[PDB]
Amino acid sequence: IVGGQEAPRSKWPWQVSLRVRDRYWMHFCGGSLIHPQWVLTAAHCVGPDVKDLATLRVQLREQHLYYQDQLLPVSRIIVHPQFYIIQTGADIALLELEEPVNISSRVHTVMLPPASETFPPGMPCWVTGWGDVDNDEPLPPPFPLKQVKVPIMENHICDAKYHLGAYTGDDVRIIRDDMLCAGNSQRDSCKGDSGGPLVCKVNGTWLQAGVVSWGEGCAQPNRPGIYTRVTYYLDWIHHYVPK
Amino acid sequence: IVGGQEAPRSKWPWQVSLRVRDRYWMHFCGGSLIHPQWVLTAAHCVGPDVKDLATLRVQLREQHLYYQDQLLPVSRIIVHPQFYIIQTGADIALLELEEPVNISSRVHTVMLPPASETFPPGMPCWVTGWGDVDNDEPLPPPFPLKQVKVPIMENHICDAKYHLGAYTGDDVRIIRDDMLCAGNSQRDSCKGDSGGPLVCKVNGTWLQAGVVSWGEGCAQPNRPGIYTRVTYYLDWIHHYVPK
Amino acid sequence: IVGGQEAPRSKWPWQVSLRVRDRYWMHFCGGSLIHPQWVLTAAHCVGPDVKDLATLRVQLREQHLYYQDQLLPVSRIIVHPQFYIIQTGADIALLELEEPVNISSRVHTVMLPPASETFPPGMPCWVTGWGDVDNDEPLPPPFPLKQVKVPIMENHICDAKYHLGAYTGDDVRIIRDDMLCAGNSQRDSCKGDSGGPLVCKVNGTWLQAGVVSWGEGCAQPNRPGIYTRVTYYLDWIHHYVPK
Amino acid sequence: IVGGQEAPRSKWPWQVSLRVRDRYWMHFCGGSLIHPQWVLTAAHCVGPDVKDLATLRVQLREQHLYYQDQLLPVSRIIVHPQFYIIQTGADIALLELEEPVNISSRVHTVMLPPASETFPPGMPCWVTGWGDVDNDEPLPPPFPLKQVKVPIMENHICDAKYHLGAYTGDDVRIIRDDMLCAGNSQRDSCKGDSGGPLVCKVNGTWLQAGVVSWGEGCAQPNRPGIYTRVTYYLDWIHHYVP
Ligand SMILES: *[C@@H]1O[C@H](CO)[C@@H](O)[C@H](O[C@@H]2O[C@@H](C)[C@@H](O)[C@@H](O)[C@@H]2O)[C@H]1NC(C)=O
Ligand SMILES: *[C@@H]1O[C@H](CO)[C@@H](O)[C@H](O)[C@H]1NC(C)=O
């Protein structure tokens with residue numbers, strides 16, 4: 001997370017860390033608890049190929065990575081079928097836990113947004129995670145969970161921004177309707193934050209607007225972070241997660 | 001180049017090396033002389049952003065990289081406008097040299113194929129470059145130019161391979177018509193070969209069938225290398241390069 | 001530590017971690033609390049040059065590195081004067097804390113041996129630390145303190161091991177009287193354990209026999225770890241550390 | 001080599017590069033041709049342990065590393081018996097080629113100094129090699145052989161310099177008699193240069209004064225580069241080299 005601060009222990013009870021087996025259970029992406037037995041994340045996190053589930057684990061909200069682990073094995077991995085190698089569309093996936101987790105004040109689900117929520121500019125949102133604090137700059141030990149408020153940028157304005165300084169044709173769309181834009185040259189998510197949540201407060205309630213997906217660099221000028229727009233995949237999500 | 005051998009001095013007179021300004025003029029991509037004053041290469045090589053020409057140079061056919069350099073500046077770069085970050089389609093670009101090069105038997109252009117050539121399986125083709133000789137294994141000093149014969153795979157068969165062991169839906173197309181597939185688990189191009197040429201011997205003549213673009217891993221099972229199909233972009237190329 | 005296991009919380013209350021100011025207070029060496037206000041360590045850890053104390057901190061017994069840090073400033077550093085760059089003899093040093101620490105059962109000093117103790121082969125000894133778990137393999141997160149029982153090898157037998165497969169002359173001494181040897185191809189200390197303690201259980205009491213100093217590789221055949229023999233420097237130590 | 005320039009093709013005809021097998025014959029140290037069949041180098045280069053000779057090769061003077069290789073296998077490796085792990089004394093070794101090399105204007109031997117030459121301060125010397133051009137900064141391709149003139153620093157003055165900023169006792173010698181000091185914060189040899197030659201011109205003749213050995217950092221303040229003094233090991237060298 002670029003330009004933020006360490007999150008208080010009571011914030012983001014839905015944040016999860018995904019780990020892969022490599023000398024230790026190493027963090028590679030974030031995710032969010034959207035149902036006691038389901039985790040929402042980015043498809044490219046559990047890609048490219050179909051993964052052996054024995055090499056993957058889920059860690060529920062912990063303030064510091066690795067220290068008080070209570071790894072949870074995964075029962076099923078579901079990746080949106082529109083997703084494919086080298087491409088950013090349909091960057092969304094589901095992880096089914098082998099069993100429901102205990103729900104509490106410190107650990108519980110984040111609400112999915114209603115289909116009509118567009119999360120227009122001005123909406124107060126935050127992205128959280130354990131990723132890098134700047135380009136090629138990893139989060140130092142003890143690995144505290146970080147947060148940062150990021151401004152939303154209307155999709156069309158975002159798409160135009162991504163054309164500033166690029167060879168791409170103005171008439172060629174870079175930012176798609178299933179995406180969402182947030183962040184500036186001071187605040188942003190970054191490598192390691194992928195699959196993590198972007199939440200916005202709407203009339204007192206936290207709603208998950210996006211899933212950390214990609215961006216050109218981190219906190220780079222005219223290059224807001226790009227998230228997968230959750231509302232666009234609610235029907236798909238509801239085909240697996242109980243409402 | 002994975003699984004090949006050093007190329008004889010008299011072969012591949014159209015191969016070029018692109019250099020970026022670092023502690024020295026470092027090789028980052030390949031390219032090809034398709035006209036005395038024009039180099040064909042991959043859009044992603046001159047990407048992501050609009051490049052400052054002062055940081056780039058072109059090196060014509062040499063047997064070893066850096067040894068007998070005669071660097072050429074670049075007049076302008078033209079990247080296919082349908083090209084964009086994190087997307088592999090329309091991966092093709094043009095470099096105009098400040099001056100036309102002296103054509104010789106040791107250094108001359110490669111012929112582009114007629115729109116009708118499909119380069120079907122069985123065609124004998126070679127891909128050349130100074131890239132990695134295997135996954136995460138760079139070409140070692142003295143950096144000889146390498147070549148490897150690579151089998152062509154029909155687009156649909158190729159598309160089906162890429163769906164093997166992947167979450168992508170069978171109806172979702174991974175390999176597109178502007179693409180071409182070649183290579184196997186023994187022979188292929190790799191990191192650093194990018195933008196280089198795939199040339200096939202057709203009725204006694206060498207024709208450039210493709211530009212090294214991407215692939216999952218290098219020489220990985222059921223994941224042949226993907227090339228930008230040259231015939232698909234002949235009208236665009238001819239819009240800039242004289243006949 | 002190579003080949004050991006995580007240490008129980010109630011063991012090695014004298015182990016200390018030394019920290020250097022980087023992107024965080026990074027561990028670089030171990031040390032031991034031999035007096036409420038003094039830490040014993042290796043000269044090469046505080047070498048080669050006179051260190052600026054502002055870049056150094058001491059961390060008393062903790063189960064995991066960085067997690068529950070309570071860093072302590074260092075008042076002064078005293079390196080044995082016979083010590084010098086590229087030489088392994090007299091590798092011993094002292095750190096005076098700014099304040100004496102509160103002694104408890106979870107955190108207290110280790111007893112120094114009497115001048116007469118030779119720590120002969122067969123003695124049960126443990127070496128502890130947060131160093132590499134094998135050659136070029138750092139301790140992975142969450143960085144638990146490790147311990148490993150290491151066999152003692154008599155000085156002369158050790159000296160002869162070190163001449164095996166080496167060009168050094170049989171008459172040229174490699175292991176000196178101020179040294180002690182422990183470890184085998186299965187168990188040993190390694191990079192990062194340096195300055196830490198080798199303690200042996202003698203007649204119901206734990207005595208610090210050595211300070212992790214050097215060795216050829218880690219757990220390499222016929223190359224036991226070399227420690228600074230504590231008894232040899234008792235008069236120097238007592239010239240500074242109260243009784 | 002720090003602070004120098006690329007060497008002309010006609011200089012240092014005695015410079016050699018030592019290569020170890022690792023994906024390619026990779027340079028790890030330098031050496032010098034002191035006899036048609038013998039190479040002088042540093043002992044720590046052919047250390048830590050007794051090496052399997054099949055993993056080692058010698059390359060005679062090339063302007064650029066790797067490009068026009070003609071690797072030569074080694075017949076025997078002789079390391080001064082006083083040398084041992086983690087210590088810089090007797091840092092000198094000999095490599096016997098399986099056969100004499102052809103001698104020419106471009107490739108030939110460097111003269112060993114007479115026992116009485118002390119190479120006092122003021123003497124014009126150069127150190128050559130393919131090592132790093134600064135700390136943690138490797139020589140970039142095409143890897144040209146570099147050279148640099150380094151000033152000599154009298155042994156005692158050198159030893160005192162190495163005590164500046166260190167915990168070591170003044171009465172404890174750091175720089176020994178079998179060593180020699182040269183360089184300053186602008187000019188010095190460095191990692192990759194080890195085993196290579198330090199030569200000084202004495203009354204028109206080039207003499208090998210030292211073998212690149214060690215130093216604290218590269219071109220660091222009050223830390224001249226340290227070479228093995230050749231004169232000190234002439235008798236040992238003469239037990240093997242005709
Ligand atoms: C030493 O010089 C002589 C004369 O210039 C060369 O012939 C040697 O080359 C070697 O011997 C010749 C006959 C031929 O076999 C060639 O391939 C050999 O390299 C040369 N010796 C060396 C090792 O360069
Ligand atoms: C769930 O909560 C109960 C009650 O506190 C506890 O006993 C049980 O172990 C918890 N399950 C997990 C997986 O922690």
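Convention: sequence-line order gives letters A, B, ...; per-chain numbering from 1. Computed from heavy atoms alone, side chains included, the values below leave out hydrogens, waters and symmetry copies.
Counting heavy atoms from C-beta on, the side chains of C:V230 and C:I237 come closer than 4.5 Å. Side-chain contact between C:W14 and C:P197 is present, with at least one heavy-atom pair separated by less than 4.5 Å. C:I77 is listed as a side-chain neighbour of C:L56, based on a closest heavy-atom distance under 4.5 Å. Proximity of C:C190 to C:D134: side-chain heavy atoms (C-beta onward) are nowhere separated by under 4.5 Å. Looking at heavy atoms from C-beta onward, C:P224 lies out of side-chain contact with C:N184 at the 4.5 angstrom threshold. The shortest side-chain heavy-atom distance between C:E216 and D:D49 falls under the 4.5 Å cut-off. Residues C:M123 and C:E117 meet the side-chain proximity criterion, which asks for heavy atoms closer than 4.5 Å. Counting heavy atoms from C-beta on, the side chains of C:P8 and C:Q147 come closer than 4.5 Å.
C:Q15 places no side-chain N or O within 3.5 Å of a backbone atom of C:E62 that could act as its donor or acceptor partner. Without hydrogens or angle criteria, D:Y167 side chain to C:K51 main chain gives a donor-acceptor distance under 3.5 Å. At least one donor-acceptor pair under 3.5 Å links the side chain of D:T168 to the backbone N or O of C:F83.
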- Query: Can you check side chain to side chain contact (heavy atoms under 4.5 Å, CB included) on C:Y232 and C:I92, steps first, answer last?
  - Reply: CA-CA 11 Å; C:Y232 186 103; C:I92 189 174; over 6 Å; no
- Task: Please assess C:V202 against C:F119 for the test side chain to side chain contact (heavy atoms under 4.5 Å, CB included), listing each intermediate value before the final yes or no.
- Result: CA-CA 9 Å; C:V202 187; C:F119 295 111; 3.9 Å; yes
- Item | side chain to side chain donor-acceptor pair (under 3.5 Å) between C:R61 and C:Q59, intermediate numbers included | CA-CA 7 Å; C:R61 185 77 167 73; C:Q59 171 56 53; over 6 Å; no
- Task: Begin from the C-alpha positions of C:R187 and C:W126 and carry the test side chain to side chain contact (heavy atoms under 4.5 Å, CB included) through to its verdict.
- Result: CA-CA 10 Å; C:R187 304 186 294 285; C:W126 279 257; over 6 Å; no
- Task: For C:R176 and C:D178, run salt bridge (charged side-chain N to carboxylate O under 4.0 Å, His left out): C-alpha distance rounded to whole Å, both residues' side-chain angles, the deciding distance at 0.1 Å, then the answer.
- Result: CA-CA 6 Å; C:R176 303 155 189 174; C:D178 72 325; 5.6 Å; no
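Under a cut-off of 6.0 angstrom, the local environment of NZ in C:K191 is sparse, with at most 12 non-hydrogen atoms contributed by other residues, nucleotides or ligands. Annotation for C:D52: atom CG counts as buried by contact number, over 12 foreign heavy atoms lying within 6.0 Å. The 12-atom threshold is exceeded at CG of A:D22, counting heavy atoms of other residues, nucleotides or ligands nearer than 6.0 Å. Heavy atoms of other residues, nucleotides or ligands lying less than 6.0 angstrom from NZ of C:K149 number more than 12. The local environment of CG in D:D136 is sparse, with at most 12 non-hydrogen atoms from other residues, nucleotides or ligands closer than 6.0 Å.
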With a 3.5 Å cut-off and sequence neighbours excluded, list the donor-acceptor pairs that the side chains of residues 29-37 of chain C form with protein atoms.
| unit_1 | atom_1 | unit_2 | atom_2 | d |
| --- | --- | --- | --- | --- |
| C:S32 | OG | C:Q208 | OE1 | 2.7 |
| C:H35 | ND1 | C:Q37 | N | 3.0 |
| C:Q37 | NE2 | C:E96 | OE2 | 3.3 |
| C:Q37 | NE2 | C:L97 | O | 3.0 |

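Across all non-hydrogen atoms, the minimal contact from D:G89 to D:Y233 is C-OH, 4.3 Å. Annotation for D:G215 and D:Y162: closest pair CA-OH, 3.5 Å, computed over non-hydrogen atoms. Taking each heavy atom of D:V79 and D:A43 in turn, the nearest pair found is CG1-CB, 3.5 Å. Between C:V148 and C:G3 the shortest heavy-atom distance is CG2-O, 3.3 Å. The nearest pair of heavy atoms linking C:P114 to C:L234 is C-CD1, 3.9 Å. The minimum heavy-atom distance linking D:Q82 with D:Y84 is given by the pair O-CD2, 3.4 Å.
Taking CD1 from C:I85 and CZ from D:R223, the interatomic distance works out to 6.0 Å, rounded to the nearest 0.5 Å. Rounded to the nearest 0.5 Å, atoms CH2 (C:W25) and CG (C:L65) are 15.0 Å apart. Note: D:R76 CZ to D:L53 CG = 10.5 Å, rounded to the nearest 0.5 Å. Rounding to the nearest 0.5 angstrom, the gap separating the OG1 atom in C:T88 from the CD atom in D:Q87 is 8.5 Å. Atoms CE and OG, from D:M179 and D:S213 in turn, are 6.5 Å apart once rounded to the nearest 0.5 Å. For the atom pair OG1 of C:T118 and CG of C:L180, the computed distance is 9.0 Å after rounding to the nearest 0.5 Å.
Electrostatic pairing of C:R19 and C:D69 counts as a salt bridge here, judged by a charged N lying under 4.0 Å from a carboxylate O. Salt-bridge check for C:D159 with C:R173: passed, with a basic side-chain N closer than 4.0 Å to an acidic carboxylate O.
In this pair, C:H80 and C:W236 present their aromatic rings tilted. The plane angle is within the 30 to 60° band. Below 30°, between 30° and 60°, or above 60°: for C:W206 and C:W12 the angle between ring planes is above 60°, a perpendicular geometry.
Applying the ring-ring contact (aromatic ring centres under 6.0 Å, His included) test to C:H27 and every residue at least two apart in sequence or in another chain returns C:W130. When the salt bridge (charged side-chain N to carboxylate O under 4.0 Å, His left out) test is applied to D:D132, no partner is found at least two apart in sequence or on another chain.
Donor-acceptor pairing under 3.5 Å is recorded for the side chains of C:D91 and C:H44.
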